[PDB]
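Below you will find one chain, with nothing else, as structure tokens; this is the form deposited in one PDB entry, and questions on how it binds or moves follow later.
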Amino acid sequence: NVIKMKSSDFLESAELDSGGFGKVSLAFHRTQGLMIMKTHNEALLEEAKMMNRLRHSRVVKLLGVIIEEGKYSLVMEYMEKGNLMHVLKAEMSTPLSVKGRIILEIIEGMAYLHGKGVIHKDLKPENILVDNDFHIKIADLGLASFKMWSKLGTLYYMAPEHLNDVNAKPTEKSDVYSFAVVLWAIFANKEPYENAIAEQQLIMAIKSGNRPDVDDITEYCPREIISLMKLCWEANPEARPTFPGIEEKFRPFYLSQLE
């Protein structure tokens, strides 16, 4: 069961920039502290109850909902340092062992989501949020995984089977492709395809088998992680592993080489 909330429980607002997902709001619960707010009543609630069951340390929790006349808001836990891309482009830059942990925690969170039959469909640095200790949580701030709540750069992480084909149904392996490009971004410390001509041209190129430039990596990236990204951004969805497949290989690798 969901905490159904009221806006009289919130002191109020400090609308923050949410990384390309439009406006959100950092609002102060009068009893339970800081929270974030994204602003058919039984269909909504039914869904809100579905998503509120999503409970894992690497997944942003839906705390509850503000369904009042005019305003429909979802209420979620706050992550102080923002999205993964922002923290990477930060001046005091982040070491290799911490990047390894972020990767493993992204794997854990995604495995959980799948295990509860949720397909994210829109994984990307913007939906990977960070707290003060540099642990991460997966979010869905564009409501990609929703149906009724949805009704009420983007493309760089999308699997080629979805580029120019919006009728094909996302699979677990759609999320694996997005992971591959996140891996890339984690070591390049920027967005891929800097030199792109047009979206139309770039899309064709990606559907035909172009990927981010593994040479833009001015850091040391271990060669077993460059292998994993190439595995995970295979054109053919069937040739990509599952997140449990990735974890089983990457966790022993992490602890034994990255600690």
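We call the rigid core whatever largest set of C-alpha positions still superposes within 1.5 Å between the two forms. Start at 1 with the first residue shown and count on from there.
Across the other PDB entries of this protein whose models span the neighbouring residues, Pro237 is modelled without exception, so it is unmodelled in far fewer than a third. Coverage remark for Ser25: present in the model in all other entries compared whose chains are built on both sides, leaving no third without it. The entry shows a gap from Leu152 to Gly153, with 10 or more unmodelled residues of the deposited sequence in between. Unmodelled residues of the deposited sequence between neighbouring positions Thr39 and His40 number 4 to 9. Averaged over their C-alpha atoms, the temperature factors of 241-249 and 6-14 are higher for 6-14. Per-stretch averaging of Cα B factors for 88-96 and 111-119 places 88-96 on top. Per the PDB record, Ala196 has a higher Cα B-factor than any other of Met51, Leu228, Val60, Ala196. If you compare the C-alpha temperature factors of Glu234, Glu191, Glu219, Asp213 in the entry, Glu219 comes out highest. For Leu74, the recorded CA B-factor ranks within the middle third of the chain. Only modelled residues enter the ranking. Split the chain's modelled residues into thirds by C-alpha temperature factor. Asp165 is in the middle one.
Sort the chain's modelled residues by C-alpha temperature factor and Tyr156 lands in the lowest third, per the entry.
Among the modelled residues of the chain, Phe146 sits in the highest third by CA temperature factor in this PDB entry. In this PDB entry, the Cα temperature factor of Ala43 sits in the top third of its chain's modelled residues, the highest group.
Unshown form deposited in another entry; subsequent notes refer to it.
The one residue among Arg211, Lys207, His56, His29 whose Cα position changes by 2 Å or more between the shown form and the other one, with the core held fixed by superposition, is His29.
Relative to the superposed rigid core, the position of the CA of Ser13 differs between the shown form and the other one by 2 Å or more. A change of 3 Å or more separates the two forms for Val59 and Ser13: their C-alpha atoms lie farther apart in that other deposited form. Legend note: Cα of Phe187 to Cα of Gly22 is at least 3 Å closer in that other deposited form than in the depicted form.
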